[PDB]
Each structure stands twice: as structure tokens, then as C-alpha cells.
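One chain follows as C-alpha cells, the form deposited in one PDB entry.
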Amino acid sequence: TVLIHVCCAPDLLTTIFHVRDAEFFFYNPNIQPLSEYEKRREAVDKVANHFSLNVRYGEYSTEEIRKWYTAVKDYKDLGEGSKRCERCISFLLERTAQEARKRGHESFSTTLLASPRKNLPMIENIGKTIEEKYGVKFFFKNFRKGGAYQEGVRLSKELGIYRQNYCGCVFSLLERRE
């Protein structure tokens, strides 16, 4: 069984075309502000209710956001896709692997593998590094392949799923304004 970190509902929709027996873990203290976290969480809950998915919701709090910010802050000034995102994704995947170990899952993954903007080699390297640390296997898949991304777009539209326009953190929201 696999515990799959969930970044957002659109990428969850792409992912569920391929995976069938999973526990999902919505944990994203990198999403600010709270209103945006809740909007994204509610979209995930809408997908989970529609398809009867098993989703666990992680901690979101001032303390949790401060732990994330500490992990990325020395690279604030670098763009998206830089060492800042390496730190951010490792932070999220480390917590996911910890949860997988605690809940008895032998494997972990992330719906970030389905996101068209993310760097697959970077994510696979992070996942394998965390696998070696925790002893939970990282499951890699080109989750966009088999045309699954466009499959996720179609289901997002039909179900009326919120599709965000910035990665999630305050740095990415500023970079949106340019």
C-alpha cells in the first residue's frame, strides 16, 4: 500500500487515473495564506467525496508554517525551480514518508509528480534520498503520461474543481505579479 502526498485537487485528479489502492495525505504548510490553504483543501475534499478516496489531512498551523519557512528561508531570493523548491518539496516528502512509516505503508509518493510545472528528476532524486533515510519505498511514475494530464483537466472542469494560478507559497504569489 502507498501513501501519496497531495498538493492540490487538479494534480490528484491526474494521479487517480493511474493509482487504485492508496491513502492520500494532504499536507502543505507551504500554501499561504490560510484562506488559500482552505480553498485548496476543500477542492481535494470535493474530489475525495466524489470518488470515495481515503484522504488524511495533515497539520496546518502557525507552528507548521514556521517549520516550513525555516527550511526554505535561506533561498527566499531564488526563483521557482531553484534550491528553494528542492528544500520545500523535501520538507513535504519527509513528512509524508514519516507518516507512511507510522501508518504501515511500505511505499510513498506525491501528486507533485503529476504537475506539469515541476521538475521530475528533482522530485525523483528527493524521493529516493528520503527512501534511503526512512526505509519507505518511493514510488515514481510519470503521472502525466498516458495523456493523464489532459484527463485531469477534463475531470477538473466537469467536477468544478478550483484550479489555482500560483504554486502556493508567498514567494510564488509575488513572482506571479512580476
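A residue's number is simply how far along the shown sequence it sits, counting from 1.
Beyond the structure shown, there is the form solved in complex with a small molecule, which is absent from this document and is the topic of what follows.
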**Prompt:** Does any heavy atom of residue 17 come within 4.5 Å of a heavy atom of the small molecule in the bound PDB entry?
**Reply:** no
**Request:** Tell me, yes or no, whether residue 146 is in contact with the small molecule in the bound PDB entry, where a contact means a heavy atom of each within 4.5 Å.
**Result:** no
**is_contact(residue 116, the small molecule) in the bound PDB entry, heavy atom dist at most 4.5 Å** = yes
**Item:** Proximity of residue 80 to the small molecule in the bound PDB entry, heavy atoms at 4.5 Å
**Value:** yes
